[PDB]
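Q: Pasting data29.cif below, which is mmCIF, C-alpha atoms.
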```cif
data_data
#
loop_
_atom_site.label_atom_id
_atom_site.label_comp_id
_atom_site.auth_asym_id
_atom_site.auth_seq_id
_atom_site.Cartn_x
_atom_site.Cartn_y
_atom_site.Cartn_z
CA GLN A 3 0.00 0.00 0.00
CA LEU A 4 2.96 2.39 -0.48
CA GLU A 5 1.89 2.02 -4.12
CA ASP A 6 -1.50 3.28 -2.92
CA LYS A 7 0.05 6.42 -1.39
CA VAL A 8 2.31 6.97 -4.41
CA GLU A 9 -0.77 6.87 -6.67
CA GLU A 10 -2.32 9.46 -4.38
CA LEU A 11 0.68 11.78 -4.70
CA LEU A 12 1.01 11.16 -8.46
CA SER A 13 -2.54 12.49 -8.94
CA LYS A 14 -2.09 15.43 -6.53
CA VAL A 15 1.03 16.45 -8.46
CA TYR A 16 -0.89 16.16 -11.77
CA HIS A 17 -3.65 18.47 -10.49
CA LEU A 18 -1.05 20.93 -9.11
CA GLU A 19 0.68 21.12 -12.51
CA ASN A 20 -2.63 22.03 -14.18
CA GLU A 21 -3.46 24.53 -11.41
CA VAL A 22 -0.08 26.23 -11.75
CA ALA A 23 -0.39 26.29 -15.57
CA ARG A 24 -3.73 28.10 -15.38
CA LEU A 25 -2.53 30.59 -12.73
CA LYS A 26 0.42 31.41 -14.98
CA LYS A 27 -2.13 32.31 -17.70
CA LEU A 28 -4.19 34.38 -15.24
CA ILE A 29 -1.07 36.28 -14.10
CA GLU A 30 -0.05 37.22 -17.67
CA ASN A 31 -3.46 38.94 -18.11
CA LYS A 32 -2.98 41.16 -15.02
CA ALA A 33 -1.67 44.73 -15.18
CA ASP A 34 1.88 45.56 -14.10
CA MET A 35 2.03 48.00 -11.20
CA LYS A 36 4.70 50.10 -12.95
CA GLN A 37 2.28 50.41 -15.91
CA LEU A 38 -0.52 51.60 -13.60
CA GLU A 39 1.92 54.02 -11.89
CA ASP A 40 3.28 55.55 -15.10
CA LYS A 41 -0.08 56.04 -16.85
CA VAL A 42 -1.70 57.57 -13.75
CA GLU A 43 1.27 59.91 -13.17
CA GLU A 44 1.02 61.14 -16.77
CA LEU A 45 -2.74 61.71 -16.47
CA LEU A 46 -2.36 63.32 -13.04
CA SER A 47 0.20 65.76 -14.44
CA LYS A 48 -2.00 66.70 -17.42
CA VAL A 49 -5.04 67.17 -15.18
CA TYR A 50 -3.06 69.32 -12.70
CA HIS A 51 -1.88 71.64 -15.46
CA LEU A 52 -5.40 71.88 -16.88
CA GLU A 53 -6.75 72.90 -13.46
CA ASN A 54 -4.18 75.73 -13.35
CA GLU A 55 -5.01 77.03 -16.84
CA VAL A 56 -8.74 76.87 -16.09
CA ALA A 57 -8.01 78.76 -12.84
CA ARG A 58 -6.09 81.42 -14.77
CA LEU A 59 -8.89 81.74 -17.37
CA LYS A 60 -11.47 82.29 -14.61
CA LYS A 61 -9.40 85.29 -13.42
CA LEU A 62 -9.38 86.81 -16.94
CA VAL A 63 -13.09 86.43 -17.80
CA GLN B 3 13.12 4.27 3.94
CA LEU B 4 11.11 4.74 0.72
CA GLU B 5 8.33 5.41 3.25
CA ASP B 6 10.64 8.15 4.57
CA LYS B 7 10.90 9.78 1.13
CA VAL B 8 7.17 9.36 0.47
CA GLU B 9 6.44 11.18 3.76
CA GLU B 10 8.76 13.92 2.56
CA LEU B 11 6.89 14.31 -0.73
CA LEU B 12 3.47 14.03 0.96
CA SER B 13 4.33 17.08 3.08
CA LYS B 14 5.86 19.05 0.18
CA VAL B 15 2.67 18.45 -1.83
CA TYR B 16 0.55 19.58 1.16
CA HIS B 17 2.51 22.84 1.42
CA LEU B 18 2.30 23.39 -2.37
CA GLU B 19 -1.50 23.00 -2.28
CA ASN B 20 -1.75 25.71 0.38
CA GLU B 21 0.70 27.94 -1.51
CA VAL B 22 -1.25 27.59 -4.74
CA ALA B 23 -4.55 28.24 -2.92
CA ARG B 24 -3.27 31.51 -1.48
CA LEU B 25 -1.76 32.67 -4.81
CA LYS B 26 -5.12 32.03 -6.44
CA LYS B 27 -6.64 34.45 -3.89
CA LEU B 28 -3.88 37.01 -4.50
CA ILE B 29 -4.42 36.81 -8.28
CA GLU B 30 -8.18 37.46 -8.00
CA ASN B 31 -7.42 40.76 -6.21
CA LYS B 32 -5.18 42.02 -9.05
CA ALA B 33 -6.40 44.33 -11.82
CA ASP B 34 -7.02 43.01 -15.32
CA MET B 35 -4.84 44.66 -17.95
CA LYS B 36 -7.84 45.19 -20.27
CA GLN B 37 -9.53 47.08 -17.40
CA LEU B 38 -6.46 49.32 -16.95
CA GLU B 39 -6.30 49.84 -20.74
CA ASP B 40 -9.98 50.76 -21.17
CA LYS B 41 -10.21 53.16 -18.21
CA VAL B 42 -6.99 54.95 -19.16
CA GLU B 43 -8.04 55.26 -22.82
CA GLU B 44 -11.34 56.85 -21.74
CA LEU B 45 -9.59 59.28 -19.39
CA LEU B 46 -6.93 60.05 -21.98
CA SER B 47 -9.59 60.88 -24.55
CA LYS B 48 -11.50 63.18 -22.18
CA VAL B 49 -8.29 64.95 -21.14
CA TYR B 50 -7.21 65.41 -24.76
CA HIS B 51 -10.51 67.05 -25.68
CA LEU B 52 -10.35 69.28 -22.59
CA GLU B 53 -6.87 70.47 -23.62
CA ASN B 54 -8.27 71.46 -27.03
CA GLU B 55 -11.25 73.39 -25.62
CA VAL B 56 -9.00 75.15 -23.10
CA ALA B 57 -6.66 75.99 -26.01
CA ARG B 58 -9.59 77.42 -28.00
CA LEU B 59 -10.79 79.46 -25.00
CA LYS B 60 -7.32 81.00 -24.58
CA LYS B 61 -7.55 82.28 -28.18
CA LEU B 62 -10.94 83.93 -27.49
CA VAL B 63 -10.12 85.68 -24.18
CA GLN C 3 10.53 0.38 -9.78
CA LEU C 4 8.37 2.20 -7.18
CA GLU C 5 11.70 3.95 -6.52
CA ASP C 6 11.57 4.89 -10.21
CA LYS C 7 8.13 6.51 -9.83
CA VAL C 8 9.11 8.20 -6.56
CA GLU C 9 12.12 9.74 -8.33
CA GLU C 10 9.71 10.96 -10.99
CA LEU C 11 7.45 12.64 -8.43
CA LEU C 12 10.42 14.02 -6.44
CA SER C 13 11.56 15.91 -9.55
CA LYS C 14 8.04 17.08 -10.51
CA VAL C 15 7.60 18.47 -6.99
CA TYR C 16 11.00 20.23 -7.25
CA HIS C 17 9.98 21.91 -10.52
CA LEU C 18 6.58 22.89 -9.07
CA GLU C 19 8.25 24.56 -6.06
CA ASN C 20 10.39 26.68 -8.40
CA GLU C 21 7.37 27.46 -10.61
CA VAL C 22 5.30 28.56 -7.63
CA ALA C 23 8.21 30.64 -6.26
CA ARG C 24 8.52 32.56 -9.53
CA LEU C 25 4.74 33.12 -9.87
CA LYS C 26 4.72 34.52 -6.35
CA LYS C 27 7.32 37.08 -7.55
CA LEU C 28 5.28 37.85 -10.69
CA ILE C 29 2.12 38.39 -8.60
CA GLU C 30 3.82 40.89 -6.25
CA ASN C 31 4.66 43.06 -9.30
CA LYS C 32 1.01 43.25 -10.43
CA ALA C 33 -1.32 46.15 -9.59
CA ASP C 34 -4.04 45.74 -6.97
CA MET C 35 -7.53 46.27 -8.35
CA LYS C 36 -8.48 48.56 -5.44
CA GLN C 37 -5.46 50.73 -6.35
CA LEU C 38 -6.60 50.93 -10.00
CA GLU C 39 -10.17 51.71 -8.82
CA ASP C 40 -9.19 54.47 -6.39
CA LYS C 41 -6.75 56.28 -8.69
CA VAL C 42 -9.17 56.19 -11.64
CA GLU C 43 -12.08 57.41 -9.49
CA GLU C 44 -9.98 60.37 -8.31
CA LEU C 45 -8.91 61.25 -11.86
CA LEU C 46 -12.46 60.78 -13.17
CA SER C 47 -13.82 63.15 -10.53
CA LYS C 48 -11.21 65.83 -11.32
CA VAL C 49 -11.81 65.51 -15.07
CA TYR C 50 -15.59 65.73 -14.61
CA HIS C 51 -15.30 68.96 -12.61
CA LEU C 52 -12.89 70.42 -15.18
CA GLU C 53 -15.40 69.68 -17.96
CA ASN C 54 -18.05 71.63 -16.02
CA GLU C 55 -15.82 74.67 -15.40
CA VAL C 56 -14.71 74.69 -19.03
CA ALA C 57 -18.42 74.49 -20.00
CA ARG C 58 -19.23 77.44 -17.73
CA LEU C 59 -16.31 79.47 -19.16
CA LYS C 60 -17.55 78.88 -22.72
CA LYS C 61 -20.88 80.47 -21.71
CA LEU C 62 -19.10 83.58 -20.34
CA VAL C 63 -16.70 84.26 -23.25
#
```
Now that the file is in, can you turn its structure into structure tokens?
A:
Amino acid sequence: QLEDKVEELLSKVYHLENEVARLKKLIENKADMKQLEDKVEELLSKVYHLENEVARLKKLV
Amino acid sequence: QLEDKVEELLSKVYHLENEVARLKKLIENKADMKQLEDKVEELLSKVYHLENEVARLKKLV
Amino acid sequence: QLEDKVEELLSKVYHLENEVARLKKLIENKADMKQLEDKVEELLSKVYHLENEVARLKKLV
């Protein structure tokens, strides 16, 4: 019955391999943090400068 | 002592199952890249058009 | 030849441990969804309010 336990572990390993394979695919569809950071910084900067110009225009009208 | 090595692998498999389970939970809390892409594109478009209107308003004042 | 199969599983477990270790590193470089959500909400709000002020300024010029 060590055969019995080795079967058991054979099948657990098989399932783990499939689980890991699918997680790997899930991961590659997730966004990089550096990509979030860079895009948001760019947008934040453009929005900030727009706020200032709008502010200046309010003082002229 | 093949029993000894089969114990060893039993416990490594147990730990792997728990590791994989927790990574699965971590993954489901991460942002999809398509979601980052779509939101940023929308914001980028709105900001671009705002820049143009602000530009036009500067030429009128 | 149960030794033979136990070798086989020993090496599959070894490879899985390395695979899981590297995925764990990949995961920690991905963006949290709540972080995407919060940053985009903030930017969306600022853009919305800019659109309104720009709209109001167009009616004054």
Q: As an MDAnalysis selection string, please: the residues near stretch 38-54 of chain A (cut-off 9 Å, all atoms listed in the file, same-chain neighbours under 2 positions excluded).
A: (chainID A and resid 33:36 56:59) or (chainID B and resid 38 42 45:46 49 52:53 56) or (chainID C and resid 33 37:38 41:42 45 48:49 52)
Q: Can you work out the spacing between atom CA of residue C:17 and atom CA of residue B:18 in Å, to one decimal?
A: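 Value for the atom CA of residue C:17-atom CA of residue B:18 distance: 11.3 Å.
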Q: Output chain A as a PDB file with C-alpha atoms, in the frame of the given file, after least-squares fitting it to chain B on all in-order C-alpha pairs.
A:
```
ATOM      1  CA  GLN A   3      13.115   4.273   3.944  1.00  0.00           C
ATOM      2  CA  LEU A   4      11.100   4.749   0.717  1.00  0.00           C
ATOM      3  CA  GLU A   5       8.335   5.412   3.255  1.00  0.00           C
ATOM      4  CA  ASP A   6      10.638   8.146   4.575  1.00  0.00           C
ATOM      5  CA  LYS A   7      10.903   9.781   1.131  1.00  0.00           C
ATOM      6  CA  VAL A   8       7.171   9.369   0.471  1.00  0.00           C
ATOM      7  CA  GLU A   9       6.441  11.179   3.757  1.00  0.00           C
ATOM      8  CA  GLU A  10       8.760  13.925   2.558  1.00  0.00           C
ATOM      9  CA  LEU A  11       6.882  14.304  -0.731  1.00  0.00           C
ATOM     10  CA  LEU A  12       3.463  14.023   0.960  1.00  0.00           C
ATOM     11  CA  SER A  13       4.315  17.086   3.080  1.00  0.00           C
ATOM     12  CA  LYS A  14       5.857  19.044   0.174  1.00  0.00           C
ATOM     13  CA  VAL A  15       2.676  18.447  -1.832  1.00  0.00           C
ATOM     14  CA  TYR A  16       0.549  19.594   1.149  1.00  0.00           C
ATOM     15  CA  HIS A  17       2.507  22.863   1.420  1.00  0.00           C
ATOM     16  CA  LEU A  18       2.300  23.384  -2.375  1.00  0.00           C
ATOM     17  CA  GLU A  19      -1.499  22.995  -2.294  1.00  0.00           C
ATOM     18  CA  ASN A  20      -1.752  25.710   0.378  1.00  0.00           C
ATOM     19  CA  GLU A  21       0.711  27.943  -1.508  1.00  0.00           C
ATOM     20  CA  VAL A  22      -1.252  27.601  -4.742  1.00  0.00           C
ATOM     21  CA  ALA A  23      -4.559  28.238  -2.912  1.00  0.00           C
ATOM     22  CA  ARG A  24      -3.264  31.518  -1.486  1.00  0.00           C
ATOM     23  CA  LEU A  25      -1.752  32.672  -4.810  1.00  0.00           C
ATOM     24  CA  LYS A  26      -5.121  32.033  -6.448  1.00  0.00           C
ATOM     25  CA  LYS A  27      -6.631  34.449  -3.881  1.00  0.00           C
ATOM     26  CA  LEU A  28      -3.871  37.013  -4.504  1.00  0.00           C
ATOM     27  CA  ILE A  29      -4.427  36.814  -8.285  1.00  0.00           C
ATOM     28  CA  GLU A  30      -8.193  37.451  -8.002  1.00  0.00           C
ATOM     29  CA  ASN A  31      -7.420  40.762  -6.208  1.00  0.00           C
ATOM     30  CA  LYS A  32      -5.175  42.026  -9.048  1.00  0.00           C
ATOM     31  CA  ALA A  33      -6.389  44.337 -11.818  1.00  0.00           C
ATOM     32  CA  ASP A  34      -7.021  43.017 -15.328  1.00  0.00           C
ATOM     33  CA  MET A  35      -4.841  44.663 -17.960  1.00  0.00           C
ATOM     34  CA  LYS A  36      -7.832  45.190 -20.278  1.00  0.00           C
ATOM     35  CA  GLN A  37      -9.526  47.069 -17.394  1.00  0.00           C
ATOM     36  CA  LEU A  38      -6.462  49.307 -16.947  1.00  0.00           C
ATOM     37  CA  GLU A  39      -6.300  49.844 -20.745  1.00  0.00           C
ATOM     38  CA  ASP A  40      -9.972  50.755 -21.175  1.00  0.00           C
ATOM     39  CA  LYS A  41     -10.214  53.153 -18.212  1.00  0.00           C
ATOM     40  CA  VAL A  42      -6.984  54.958 -19.149  1.00  0.00           C
ATOM     41  CA  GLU A  43      -8.045  55.270 -22.811  1.00  0.00           C
ATOM     42  CA  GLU A  44     -11.351  56.832 -21.733  1.00  0.00           C
ATOM     43  CA  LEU A  45      -9.600  59.284 -19.394  1.00  0.00           C
ATOM     44  CA  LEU A  46      -6.918  60.052 -21.986  1.00  0.00           C
ATOM     45  CA  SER A  47      -9.599  60.885 -24.552  1.00  0.00           C
ATOM     46  CA  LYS A  48     -11.495  63.177 -22.152  1.00  0.00           C
ATOM     47  CA  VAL A  49      -8.288  64.947 -21.120  1.00  0.00           C
ATOM     48  CA  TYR A  50      -7.204  65.418 -24.767  1.00  0.00           C
ATOM     49  CA  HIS A  51     -10.513  67.037 -25.672  1.00  0.00           C
ATOM     50  CA  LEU A  52     -10.356  69.275 -22.601  1.00  0.00           C
ATOM     51  CA  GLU A  53      -6.876  70.473 -23.606  1.00  0.00           C
ATOM     52  CA  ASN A  54      -8.264  71.461 -27.030  1.00  0.00           C
ATOM     53  CA  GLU A  55     -11.240  73.379 -25.609  1.00  0.00           C
ATOM     54  CA  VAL A  56      -8.990  75.154 -23.101  1.00  0.00           C
ATOM     55  CA  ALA A  57      -6.657  75.990 -26.021  1.00  0.00           C
ATOM     56  CA  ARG A  58      -9.580  77.407 -28.005  1.00  0.00           C
ATOM     57  CA  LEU A  59     -10.793  79.458 -25.000  1.00  0.00           C
ATOM     58  CA  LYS A  60      -7.323  80.992 -24.571  1.00  0.00           C
ATOM     59  CA  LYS A  61      -7.559  82.270 -28.179  1.00  0.00           C
ATOM     60  CA  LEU A  62     -10.949  83.922 -27.486  1.00  0.00           C
ATOM     61  CA  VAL A  63     -10.119  85.679 -24.188  1.00  0.00           C
TER      62      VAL A  63
END
```
Q: Kindly resolve the PyMOL selection byres ((chain A and resi 15) around 10) on the present coordinates and return the residues as an MDAnalysis selection string.
A: (chainID A and resid 9:14 16:21) or (chainID B and resid 11 15 18:19) or (chainID C and resid 11:12 14:15 18)
Q: Residues within 12 Å of residue C:30, please, as a list in words. Count all atoms listed in the file; anything in the same chain fewer than 2 positions from it doesn't count.
A: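 Near residue C:30, the qualifying residues are residues 29, 32, 33, 34, 35 and 36 of chain A; 25, 28, 29, 31 and 32 of chain B; 23, 24, 25, 26, 27, 28, 32, 33 and 34 of chain C.
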Q: Using C-alpha atoms, can you write the selected residues to a file as a PDB file, in the coordinates of the input?
A:
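Below is the file that was written, part.pdb:
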```pdb
ATOM      1  CA  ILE A  29      -1.070  36.280 -14.100  1.00  0.00           C
ATOM      2  CA  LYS A  32      -2.980  41.160 -15.020  1.00  0.00           C
ATOM      3  CA  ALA A  33      -1.670  44.730 -15.180  1.00  0.00           C
ATOM      4  CA  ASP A  34       1.880  45.560 -14.100  1.00  0.00           C
ATOM      5  CA  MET A  35       2.030  48.000 -11.200  1.00  0.00           C
ATOM      6  CA  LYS A  36       4.700  50.100 -12.950  1.00  0.00           C
TER       7      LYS A  36
ATOM      8  CA  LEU B  25      -1.760  32.670  -4.810  1.00  0.00           C
ATOM      9  CA  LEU B  28      -3.880  37.010  -4.500  1.00  0.00           C
ATOM     10  CA  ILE B  29      -4.420  36.810  -8.280  1.00  0.00           C
ATOM     11  CA  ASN B  31      -7.420  40.760  -6.210  1.00  0.00           C
ATOM     12  CA  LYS B  32      -5.180  42.020  -9.050  1.00  0.00           C
TER      13      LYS B  32
ATOM     14  CA  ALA C  23       8.210  30.640  -6.260  1.00  0.00           C
ATOM     15  CA  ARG C  24       8.520  32.560  -9.530  1.00  0.00           C
ATOM     16  CA  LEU C  25       4.740  33.120  -9.870  1.00  0.00           C
ATOM     17  CA  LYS C  26       4.720  34.520  -6.350  1.00  0.00           C
ATOM     18  CA  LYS C  27       7.320  37.080  -7.550  1.00  0.00           C
ATOM     19  CA  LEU C  28       5.280  37.850 -10.690  1.00  0.00           C
ATOM     20  CA  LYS C  32       1.010  43.250 -10.430  1.00  0.00           C
ATOM     21  CA  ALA C  33      -1.320  46.150  -9.590  1.00  0.00           C
ATOM     22  CA  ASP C  34      -4.040  45.740  -6.970  1.00  0.00           C
TER      23      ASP C  34
END
```
Q: For a test of reading the model, state the distance in Å between atom CA of residue A:62 and atom CA of residue B:55, rounded to one decimal.
A: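 Between atom CA of residue A:62 and atom CA of residue B:55 the gap is 16.1 Å.
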Q: Work out how far apart atom CA of residue A:6 and atom CA of residue C:22 are and give it in Å to one decimal.
A: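 Atom-to-atom, atom CA of residue A:6 to atom CA of residue C:22, that is 26.6 Å.
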